[PDB]
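J.: Build me a structure from this.
(2 chains)
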Protein chains: 2
Amino acid sequence: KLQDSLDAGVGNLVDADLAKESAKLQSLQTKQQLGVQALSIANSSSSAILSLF
Amino acid sequence: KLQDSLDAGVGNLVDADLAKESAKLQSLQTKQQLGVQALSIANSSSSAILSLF
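T.: Numbering: from 1, shown residues only, chains lettered A, B, ... in the order given. Sure, the structure comes next:
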């Protein structure tokens, strides 16, 4: 019983809660796509000046 | 982040504002044409005297 409680305690110390990581994963994938889109918007600022010339 | 801020600072020091240069360019081209016309008017002053002779 002592060996089982030491192993369960190691699990309390280091194990991930995977049900919570699933939510973090989905939101982070959406954030990465929005960040690529925002960088694409920032890249195009120079093209606006071409119209004046 | 420090490298990006040093590069943005160099850009603040030396970069042109091209939207402002477009206005300066158009007005200067008009001024150059008017200056050629004014020099053409000044060139013709001698011809007025031919009428008296």
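J.: From the chain's centre, how far out is the strand or helix carrying residue A:3? Work that out for me.
T.: Element membership for residue A:3, per DSSP states H and E: helix A:2-14. The chain centroid and the centroid of helix A:2-14 are separated by 29 Å, computed with C-alpha atoms, centre = their mean, to the nearest Å.
J.: Which SSE is immediately downstream of that helix?
T.: Toward the C-terminus, helix A:2-14 is succeeded by helix A:18-43 as the next helix or strand (DSSP H and E).
J.: And chain B, is that following helix touching that?
T.: No. Helix A:18-43 does not reach chain B (C-beta under 8 Å from any C-beta of the partner chain); its nearest approach is 13.1 Å. The way it works is simple: take the backbone N, C-alpha and C, and place the C-beta from them, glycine included.
J.: Please spell out which residues along that helix are buried.
T.: For helix A:18-43, burial by neighbour count (16 or more other C-beta atoms under 10 Å in any protein chain shown) applies to no residue.
J.: Repeat that for stretch A:3-21.
T.: Of all the residues in stretch A:3-21, not one is buried under the rule 16+ other C-beta under 10 Å.
J.: Go ahead and measure how far that stretch is from the middle of the chain.
T.: Computed by C-alpha atoms, centre = their mean, the chain-centroid distance of stretch A:3-21 equals 23 Å.
J.: gap between residue A:33 and residue A:20?
T.: Note on residue A:33: its distance to residue A:20, by C-beta to C-beta, to the nearest Å, is 21 Å.
J.: Which single residue of chain A ends up nearest chain B?
T.: In chain A, the residue that lies nearest chain B is residue A:52 (4.0 Å; C-beta to the nearest C-beta).
J.: Pretty sure that residue sits against residue B:17.
T.: No. Between residue A:52 and residue B:17 there is no contact under C-beta atoms under 8 Å: 11.3 Å.
J.: re the thing from before, counting contacts, what elements does the helix holding residue A:3 pack onto?
T.: Contact here means 3 or more C-beta pairs under 8 Å, 6 or more residues apart in numbering or on different chains; DSSP states H and E; on that basis helix A:2-14 packs against no helix or strand.
J.: Identify the residues contacting that helix?
T.: Residues outside helix A:2-14 that contact it (C-beta atoms under 8 Å, 6 or more residues apart in numbering or on different chains): none are found.
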